[PDB]
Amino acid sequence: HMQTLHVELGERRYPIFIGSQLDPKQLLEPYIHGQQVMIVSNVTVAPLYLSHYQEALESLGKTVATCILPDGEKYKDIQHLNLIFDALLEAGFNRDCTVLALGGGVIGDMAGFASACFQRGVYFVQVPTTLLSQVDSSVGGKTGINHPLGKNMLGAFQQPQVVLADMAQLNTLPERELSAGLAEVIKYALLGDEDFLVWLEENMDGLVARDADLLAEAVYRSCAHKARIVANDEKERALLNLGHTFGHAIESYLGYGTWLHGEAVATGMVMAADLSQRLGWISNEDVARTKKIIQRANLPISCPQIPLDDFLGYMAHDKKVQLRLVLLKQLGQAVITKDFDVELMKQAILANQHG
């Protein structure tokens, strides 16, 4: 059974179809408003899934062109954004064409940003093929690319006409990438839904095992949470940063490609929970519970040794404009706060570094 989540962001509205072995010819027909579709993918995802979408849209009568990018966060820059513009103009595509992002969050951001710039804005469709992009990139409307001096500093707000989330595509995902997605799923439960946490504890073995039905429920519940947070924020969104201030310092010190972002978020959530226990807000049992579910998702709960001077420098260089952290008053009840002892924060960092 396929599930549909209806998102309302900005003055725009779109469905997210979630299931397994979906038919893109059936699902996308109402959402391809013109004759032409540009499928953007990369050298890893395209040989696996491109023909599936190209053959479906061509059977629909559409003109399909493609732009296949190298695989990597390091290519998420304006030089490779330009390759999409090259492909779009080489194909002669017009104002009513659709750009279809086939891939993970890197492709989603690049194709989304390209779709906002081409002819000052064309249509955008998301087909996320990583778990993380399915539960994170599919709501929010942010698109972007990197600059040598700053990540995700160039981009556009661009909402899709539709998001198609097919769990079967997760079967070819590397194990670390799957776990990296589950880190974000766990995050939603820890910041705002203890019932969701209970469900993850009961079902984690099957999610790691890539049970199609359980994955689909986790994706639906994750997207529903983020859609609710951003919609309420428009009516805070900062709670989505649980674990990210700690995690950013981990990533920055370990360097490009050492840890996945979701792996850093996992350990950052442990540090956040640990600090929360030291502030007296949650119990040691709550921290143990948080470590256990993250570990069962095959995620790290401790990172290598990082000098505190460097760690704190990275947390202070990511400052919004006073340092505010996303911590836990209870499991499933995150808060953004300035009221923490910095000495206790250093203790929580050091406690979750392994030898």
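In case it trips you up, residue 1 is the first one in the sequence shown, and so on.
Per the record, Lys235 and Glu236 are separated by a gap of 1 to 3 residues from the deposited sequence that were not modelled. Counting the deposited residues that fall between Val321 and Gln322 and carry no coordinates gives a value of 1 to 3. Mean CA temperature factor is higher for 242 to 250 when stretches 242 to 250 and 107 to 115 are set side by side in the entry. Stretches 201 to 209 and 265 to 273 differ in mean CA B factor, with 201 to 209 having the higher one.
In this entry, the residue among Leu312, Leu50, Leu328, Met38 with the greatest C-alpha B factor is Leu312. Highest CA B-factor among the listed residues (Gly121, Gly155, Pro174, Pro128): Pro174. When the modelled residues of the chain are ordered by their C-alpha B factor, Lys291 lands in the lowest third. The PDB entry assigns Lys76 a C-alpha temperature factor belonging to the lowest third of its chain's modelled residues. Placement of the Cα temperature factor of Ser138 within the chain: highest third of the modelled residues, per the deposited record.
Sort the chain's modelled residues by C-alpha temperature factor and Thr98 lands in the lowest third, per the entry. Among all modelled residues in this chain, the alpha-carbon of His225 has a temperature factor (C-alpha) in the middle third.
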